[PDB]
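A.B. asks: Structure in structure tokens, see below.
Structural data, given as structure tokens:
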């Protein structure tokens, strides 16, 4: 069998440093703020959700917590 896990592949990533948002459209993180990646783009920006926040942000910058997401970019 296999029986996947249909629910949410949200990616938990912690901010890196004081990151100011260029616009409200984008996200904004400071420090110690786990963000939830929903989009997950390889273009360069990453769209997720922060504690009562949202928008796009640099994933490369922020750190990754999920160990099942690191070696598992969703699917491919």
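Residue numbers (PDB author numbering): 1 to 76.
Cβ atoms here follow ideal geometry from the backbone N, Cα and C, with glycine treated the same way.
What beta strand (DSSP E) runs, 3 residues minimum, are completely inside the stretch 35 to 73?
C.D. replies: Counting whole runs of 3 or more residues, the stretch 35 to 73 contains the beta strand (DSSP E) stretches 35 to 37, 46 to 50 and 53 to 57.
A.B. asks: Indicate the three-state DSSP secondary structure (helix, strand or coil) for residue 19 in the structure shown.
C.D. replies: Here residue 19 sits in strand by DSSP.
A.B. asks: I'd like the list of long-range same chain contacts for residue 53, defined as Cβ closer than 7 Å, with 5 residues on each side in sequence excluded.
C.D. replies: 27 and 28.
A.B. asks: With distance defined between alpha-carbon atoms, name the residue in 76, 55, 49 and 61 nearest to residue 11.
C.D. replies: The candidate whose alpha carbon is nearest that of residue 11 is 49.
A.B. asks: Are the Cβ atoms of residue 31 and residue 65 separated by less than 8 Å?
C.D. replies: Against a cut-off of 8 Å, the Cβ pair of residue 65 and residue 31 comes out as no contact.
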